[PDB]
Each structure stands twice: as C-alpha cells, then as structure tokens.
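Engineer: quick one, structure for this:
(one chain, ligands or ions: 1)
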Amino acid sequence: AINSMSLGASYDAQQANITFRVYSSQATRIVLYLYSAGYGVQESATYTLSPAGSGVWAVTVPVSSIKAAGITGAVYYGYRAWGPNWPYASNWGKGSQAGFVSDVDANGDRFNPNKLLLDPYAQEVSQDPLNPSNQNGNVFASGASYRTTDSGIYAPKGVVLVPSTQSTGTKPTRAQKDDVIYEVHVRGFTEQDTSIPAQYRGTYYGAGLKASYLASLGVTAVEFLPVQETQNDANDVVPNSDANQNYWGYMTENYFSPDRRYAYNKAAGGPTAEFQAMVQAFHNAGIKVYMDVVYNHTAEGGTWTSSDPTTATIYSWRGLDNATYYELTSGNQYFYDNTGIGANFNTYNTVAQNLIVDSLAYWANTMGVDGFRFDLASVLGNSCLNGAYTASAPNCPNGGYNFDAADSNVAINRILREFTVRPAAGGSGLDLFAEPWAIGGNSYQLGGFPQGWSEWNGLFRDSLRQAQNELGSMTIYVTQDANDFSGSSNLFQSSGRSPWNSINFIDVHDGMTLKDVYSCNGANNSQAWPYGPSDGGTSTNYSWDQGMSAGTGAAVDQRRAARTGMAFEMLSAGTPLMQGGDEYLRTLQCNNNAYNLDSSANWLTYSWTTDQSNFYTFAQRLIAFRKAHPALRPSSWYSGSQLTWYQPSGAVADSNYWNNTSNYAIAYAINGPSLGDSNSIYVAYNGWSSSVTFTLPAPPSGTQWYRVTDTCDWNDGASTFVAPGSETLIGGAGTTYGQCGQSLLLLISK
Ligand SMILES: [Ca+2]
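Structural biologist: Numbering: from 1, shown residues only. Take a look:
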C-alpha cells in the first residue's frame, strides 16, 4: 500500500494541531525541535515523541502551544534521536558527548543526538546543508573530531505545509508511443533567456512560461533533471568557479521536496505551489512532465573514507535508522555500493521501499507529474539486504548485489503493483523509464526489466554513433542498424514488450550534446570557467569531428552528421528522446561530464546563428513529420508485410547481405496504410564514406516517391527538410538516387 504508516508532519482539518510521525526501529528516544527560522536560530520548543507501534513514533502538538512558544509564522522542525550506540544520558545537552558508546555499533546504528535530523517525509526544506551562510560540512559529521558538534542552527529544517489548493491541470492520456521527449535542466532552461522577465529566469515559474516554446518545437513531454531537493544553495558563493558546484542534482537530500533554489517564490509553501502551477502550464499545453528521480543513493553518501568506519555525514536518514535506509557491508560497519557515490539506498528493505513508493505517489498525485525516469535503475532491482547473506533476502545467496526482476519484492516490482502504468493505447497511468544499469555485479540490465518498464537504449546510442564516426576503426554491423531502426526487438521482444519501450537517443546529459558527438574527437573536460573543469565522464564517446581537424571535413559536414543522427532517433520505431538545446546545436565545447557547471556555458541560450536557426527548422519539421506519420510509431513490432529491408540495388536485403560485414548501406520501406498512415515511406542510410546509388523499389502505396529530406551537404540550408506538400518528385520503381556518403534520405509515396 501507499502511505501505510501515515508518516510526516501535518495539520488537522481546522489547523488546531499538527501531528508528527516518524519511523525508527532502533531509536531509544526521539525528540521534536521546533524553530521559527530554518537557519541560525535555536529551537523555540521541544517535545518528546512516543512509540506508536511498528517503529513509528508520534506526538501531536496544538498550534496554540507553538504560537505560545513564539512561532507564529511557518513551522520549521527537526528531530534528535538516541539509540544503542549513543543512549540517552540525563546529563546530555546540545553539543555534549554524554551517553556516547560508539559512532557505529555492531548492528549498524549511527545515532548522534547532537545532529539535528531532517524528516524524510518533510514536504519542503528550508535550506541545504551548505549555503551562503555556512559552507563547512564538518558540523554534520560523526567521528572523533566532529561528533559533539551540534548542527542544530546549521542543519536543514523541514517546513510543515498547509495543503495547497493549486491545480496541476489535466493529465494528458496520450500513448507513450506518440511522445517525443525533451530532457532539460529546469534552471538552465530559462536562466539566461531574455524573453522571460528577469525575476522568473531559471525557475519553475519561468519554465512554465516556455510551454509555448516546446509546443512550437513540437515535443510532447519535458523531462527534468532532478527537482527533488539537491545540494545547490552554495553554488554561487565563490564566483567564476565550478569548484563547489552541483548543477545536475543527482544528490537528493529529501524525496518529497521541490528544490527551493529553482523556485521564484522561496517562501514556505512557495516551491510547492509554484511547481504545481508549472505543471498546470505544461498540462495546459498538452505536454507531459516527467521527473528524473534518484532512489539508488542519497546525498548523505557513505563513510568519508573506506578505511575509517566512524566518519560519515548525518542530517536525515542516517541519524534516524541507518540500518533500515542504507545497505551495509557484512559486519555493518561500512556501506555496500553499486552507485559509486558511497552507499546504496536499501531498496529491498520494506520501510525504505515504502518511502520510494510514498514519495512517487506524492509527486504523481499531488504534484501532477506524468512519469518518472529512474537513475541507475538496476539498484531498484537488488534482492539483497546486506553485504552478507540473510534468509530475509532468500534470492540473494551471495549477499551484496544481485539484480532479480523475478523477485516480486524488489523495488521495481513493488512500483508496478502500487501504480497503474499507462496502457499501450493510452489512457491514464504513469510512464516509467529505467536507465537499466548501475555499477558492478550483474547490474548491467539492458533488456532485463519487467513488462511495464521502458528503458534507455544505450545500444541504440552507441551502435549508431559507431556507424557514423567509427567507419574503418571498428566493425559496424548493418544488422544492428536495422535493429536500431525497427525498435530493437533484440532487446525488447522476448520479455513481451514493444518497440516503444525502447527509449532511443543519440545523446543525453551524460556525455556530449548532439553537435558535440560530431564535432569532438574526444572529451575536453579540463577547460577553465565557464566550460570546466569537470572530472571525467565516459571514455567511450564514439565521437568524431568529421575530418574538421584533418582538413578532410568542414562545418557543413558536422551539420550533415548531426542531421543524420537526429533523423535516426526521430524516424526509428521506439520513443525518441532529445536533449534540450540539440534543436540549435548546443555545444559544451566537448565537455562530456558537465555535472558541476552552473554557468552560462551550461544554460540554454536563445540567440542563434543562421546555421543554428536552420537546424531548428530541420528539427521542427522532422518532429512534425514523425507526429504526422503513424507508420513510424508502431504499437507493436513491424510485421513482415509492413516493413521490407532493401539493399541499395533495390533488391530485398537477404542473408548474404545481412552477414556481409562490409555492407554499410541499408534502406527500408514501410507500408503506410497498414499502420494507418497516409503515405508509405522509404528511408535510406548510406553508412559508407562515399556516394552510393540507391535504386528505388515499388512504393507499397501510391505510385511515386517524393523526397522529404536529404541530409547531405549540398542540401544544407533553411529548407533541407521540406514543408509538407513541397516534397520533390523523385520517381517510381526503378528510379535511382545518388546518396552522398554518411547521410540519410527520407521519401514518402503519393
Ligand atoms: Ca537545494
């Protein structure tokens, strides 16, 4: 169930009382601290909580008592907990060591009463651990040097919210197969956009104002990088330096709270009502709002070092019940990790898992979000509970990490039974997307997720980048191109899934932008502000500048390649995903891991050159085309009568062709009418470095072929992709077409 324990802080109907409920299976004592401000002040009152059974502790406070304590505005709160490793000593006082036994005990408890704790169910956070007033993270650490430090006035406080009456509009019921996703950072979306009033730039409010921009481009779903509270308030303390910045936000501090830094209205309840108003603006434009969520690790991380089990950050989950929330190593002194951040969130533990479900429900229901893309999703399929084996995790015999999509108790299956996934034909429900990998063990699971889950297709990205940029360096399989274009049945069909479950993309936030994969011979992450430096992303970008540096290529060529890559994702069966900015050839000058760049090089710009504006026209018409032709969006795997593979000779691609590893050109035709389309279409990819002549087959429907686009250099301009009705008559069966090397041809029959 959802909200099985009714955790959190909430007012009763008449706002006469607030009830605080919090879980801890090991705590010995839990005490509520109330503050009038989130930072810099001591508490106005404290209330000892009482065991309400099943590990939940509760207390109900009358509002009059709160006002009597001096708190007449918003109620900021936190907890102080005691446990086996640090029991309550009657002489303990803030900043005292009284009662201390150990920083961590044999069972993994890490209680420290000197650390004020943020409720995991807080719906809003006052400020991040590091902010403009304090950038010393040591006040939150355990260990001999810092355990007695009282973090009270520096620690983040939760805000008790009065239910918002803000509408989130009506949720689109469009089938996922008909969507075109646009990934963008909520702050970089409008931060330097002069078409938005300055005060709204880089905020939720500002993003809502760009709904029309997205509608003209033609995308149907915006996917935001993490919006749940992340460490970002100290980003601008030191100017012209990415040193202490966290831009992307893959360090969640709280799972129910919209990040305050991204809101225009920063008052208590402001980020919340503003995020709701923002999705209303999108929902009004008929656009879905997806959220990138990260439940594989927490911002608290693990131990500071792998040799000292005593020092770790404590401000939320860890202080309340470390053994419940994190996956500990055998012996419980350290953390088990498959994320590389320091510690796995214990996704297999019921209470930890309930938090994932409960926060997802909050965002989907109260916040109006239409779907979620799960970062390092394989950690949510872990059937282990600890570094060592435990009978409670029967399916994880070796302990540690073990992905098991058949275990009904892993987080990815729990989600499926608590929520309704949108049907293939549309209707209400959620759209769930997984990045099917993590770090180590059997975590790489592309094609391993259950029905109900779509996945980020890394093989689509890589194989096509290779086909365009690695000719001669590595083997390119013409059969893989085919798989890519047809919805990767090789990955999705055996599980009973469909082509639209393949999220096809050439580029995402991780790695290079579209322009960059065709303009960079490698990553360049060591530039100075505002382009770097950034500590390395992948070593395998499969990028190439099209001969630019060698003198065998030029700018048109990089644009020809970018046109070809975008066409691959927009023409292929599956659900296309483009990175915001790719519509104007956004570049990061080859930085392929810009996660710490909260700068102008990273935000989007809307002042474009002719060549950039020309690309936007290409992108806009290509997205419009996909949306106008159902034959490109099959709900099920193309049947044999619906799609025919052709060799350049106009002859059907046979086994001799498929098994010949020196064949780089491929073409196909789809029977438009059989898929409910008005035209049949023919796509040709010349993966060869030189000109290839394609002999057109007989149109499945209609009598003649008309050219829609040719990505080749000669066709570079404002009209490389024609407007509907201006297709150039090429010819019928037998007509030939000379296709330049490394490019794509699009044709419709009439
Ligand atoms: Ca923040």
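
Engineer: list, one by one, the residues from the stretch 151-300 of the chain near the ion.
Structural biologist: Proximity of the stretch 151-300 of the chain to the ion (Cβ under 5 Å from the ion) is limited to residues 229, 232, 259, 261. Using the backbone N, CA and C atoms, a C-beta is placed for each residue, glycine as well.

Engineer: quick one: which of those sit in strands?
Structural biologist: With strands identified by DSSP state E, none of the entries of those belong to them.

Engineer: who wins for neighbours among these?
Structural biologist: When neighbours are taken as other Cβ atoms under 10 Å, the top entry among those is residue 229 (29 neighbours).

Engineer: run a quick neighbour tally on the residue in the stretch 401-550 of the chain that the ion sits nearest to.
Structural biologist: Using Cβ to the ion, residue 509 is the residue of the stretch 401-550 of the chain that sits closest to the ion, at 18.2 Å. By other Cβ under 10 Å, the residues close to residue 509 number 20.

Engineer: ok, now which ones touch the nearest residue to residue 405 once chain neighbours are set aside?
Structural biologist: Here the nearest residue to residue 405 in space, its sequence neighbours aside, is residue 450; by Cβ to Cβ, 6 or more residues apart in numbering that works out to 5.2 Å. For residue 450, the set of contacting residues under the criterion of Cβ atoms under 8 Å, 6 or more residues apart in numbering consists of 405, 412-413, 416, 495.

Engineer: which of the residues of the stretch 151-300 of the chain next to the ion lies closest to residue 541?
Structural biologist: Proximity to residue 541 was ranked across these by Cβ to Cβ; first place goes to residue 232, at 27.0 Å.

Engineer: contacting residues for the closest one?
Structural biologist: For residue 232, the set of contacting residues under the criterion of Cβ under 8 Å, 6+ apart consists of 128, 245-247, 249, 259, 261, 598.

Engineer: those residues in strands, which ones?
Structural biologist: When strands are assigned by DSSP E, not one member of the contacts of residue 232 lies inside them.

Engineer: next, the contact list for residue 537, please.
Structural biologist: Counting by Cβ under 8 Å, 6+ apart, residue 537 makes contact with 510-511, 523, 525, 592-593.

Engineer: again, only using 6 Å
Structural biologist: Residue 537 makes contacts with 511, 592-593, as judged by Cβ atoms under 6 Å, 6 or more residues apart in numbering.

Engineer: could you look up the SS state of it?
Structural biologist: Secondary structure assignment for residue 537 (DSSP: H, G, I helix; E, B strand; the rest coil): coil.

Engineer: what's the nearest residue to it if we skip its chain neighbours?
Structural biologist: In space, and not counting its chain neighbours, residue 537 is closest to residue 593: 3.1 Å by Cβ to Cβ, 6+ apart.

Engineer: residue 708: neighbour count?
Structural biologist: Other residues within reach of residue 708 by the criterion other Cβ under 10 Å amount to 24.

Engineer: check the gap between it and residue 720 for me.
Structural biologist: Residue 708 sits 10 Å away from residue 720, taking Cβ to Cβ, to the nearest Å as the criterion.

Engineer: for residue 556, list the residues it contacts.
Structural biologist: Applying Cβ under 6 Å, 6+ apart to residue 556 gives the contacts 713, 716.

Engineer: residue 706: which element?
Structural biologist: Assignment of secondary structure by DSSP states H and E places residue 706 within strand 705-710.

Engineer: and the next helix or strand past that strand?
Structural biologist: Helices and strands here follow DSSP H and E; after strand 705-710, the next one along the chain is strand 728-731.

Engineer: how about that following strand: buried residues?
Structural biologist: residue 730 (16 or more other Cβ atoms under 10 Å).

Engineer: again with stretch 685-699
Structural biologist: 685-688, 692, 694-697, 699.

Engineer: tell me where the stretch 251-400 of the chain has helices.
Structural biologist: Read by DSSP state H, counting those that start in this stretch, the stretch 251-400 of the chain holds these helices, from start to end of the chain: 270-284, 317-325, 350-361.

Engineer: could you dump those to JSON lines with mean neighbour count?
Structural biologist: Supplementary listing: the helices of the stretch 251-400 of the chain in JSON lines, determined by neighbours: other Cβ atoms under 10 Å:
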{"stretch": "helix 270-284", "mean neighbour count": "22"}
{"stretch": "helix 317-325", "mean neighbour count": "25"}
{"stretch": "helix 350-361", "mean neighbour count": "20"}
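
Engineer: among those helices, which comes closest to residue 426?
Structural biologist: For these, the distance to residue 426 is smallest for helix 270-284, at 15.4 Å, taking Cβ to Cβ.

Engineer: contacts for that closest one, please.
Structural biologist: By Cβ under 6 Å, 6+ apart, the residues outside helix 270-284 that reach it are 164, 166-170, 204-205, 207-208, 211, 258, 260, 263, 265, 289, 368.

Engineer: middle-most residue in this structure, spatially?
Structural biologist: Per Cα atoms, centre = their mean, the C-alpha nearest to the average position across the chain is that of residue 292, at 3.0 Å.

Engineer: show me the contacts for that one.
Structural biologist: 225-226, 373.

Engineer: for it, give the beta-bridge partners.
Structural biologist: Each beta-bridge partner of residue 292 is listed here: residue 373, as defined by DSSP bridges.

Engineer: who in the chain is up against the ion?
Structural biologist: 128, 229, 232, 259, 261.

Engineer: so how far is residue 91 from the last one?
Structural biologist: What it means is residue 261. Residue 261 sits at a distance of 40 Å from residue 91 (criterion: Cβ to Cβ).

Engineer: cool, and the second one?
Structural biologist: Between residue 229 and residue 91 the distance, using Cβ to Cβ, works out to 36 Å.

Engineer: repeat that for the first one.
Structural biologist: Going from residue 128 to residue 91 by Cβ to Cβ gives 33 Å.

Engineer: between the two, which is the more surrounded one?
Structural biologist: Of the pair residue 128 and residue 91, residue 128 is the one with more neighbours under other Cβ under 10 Å, namely 24 against 8.

Engineer: ok, residues contacting the lengthiest helix in the chain?
Structural biologist: When the chain is parsed with DSSP state H, its longest helix is helix 610-628. Outside of helix 610-628, the residues within contact range by Cβ under 6 Å, 6+ apart are 180, 217-218, 563, 570, 583-585, 632, 718, 720-721.

Engineer: got the contacts of residue 537 as JSON lines, with neighbour count columns?
Structural biologist: Formatted as JSON lines, the contacts of residue 537 follow (neighbours: other Cβ under 10 Å):
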{"residue": "511", "neighbour count": "23"}
{"residue": "592", "neighbour count": "24"}
{"residue": "593", "neighbour count": "21"}
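
Engineer: need these in TSV with secondary structure and distance to residue 638, can you?
Structural biologist: What follows is the contacts of residue 537, written out as TSV (DSSP: H, G, I helix; E, B strand; the rest coil; distance: Cβ to Cβ, whole Å):
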residue	secondary structure	distance to residue 638
511	coil	29
592	coil	34
593	coil	37
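
Engineer: quickly name whichever of those residues is closest to residue 300.
Structural biologist: Using Cβ to Cβ, residue 593 comes nearest to residue 300 of those, at 22.8 Å.

Engineer: how far away is that closest one from residue 481?
Structural biologist: Taking Cβ to Cβ as the measure, residue 593 falls 28 Å from residue 481.
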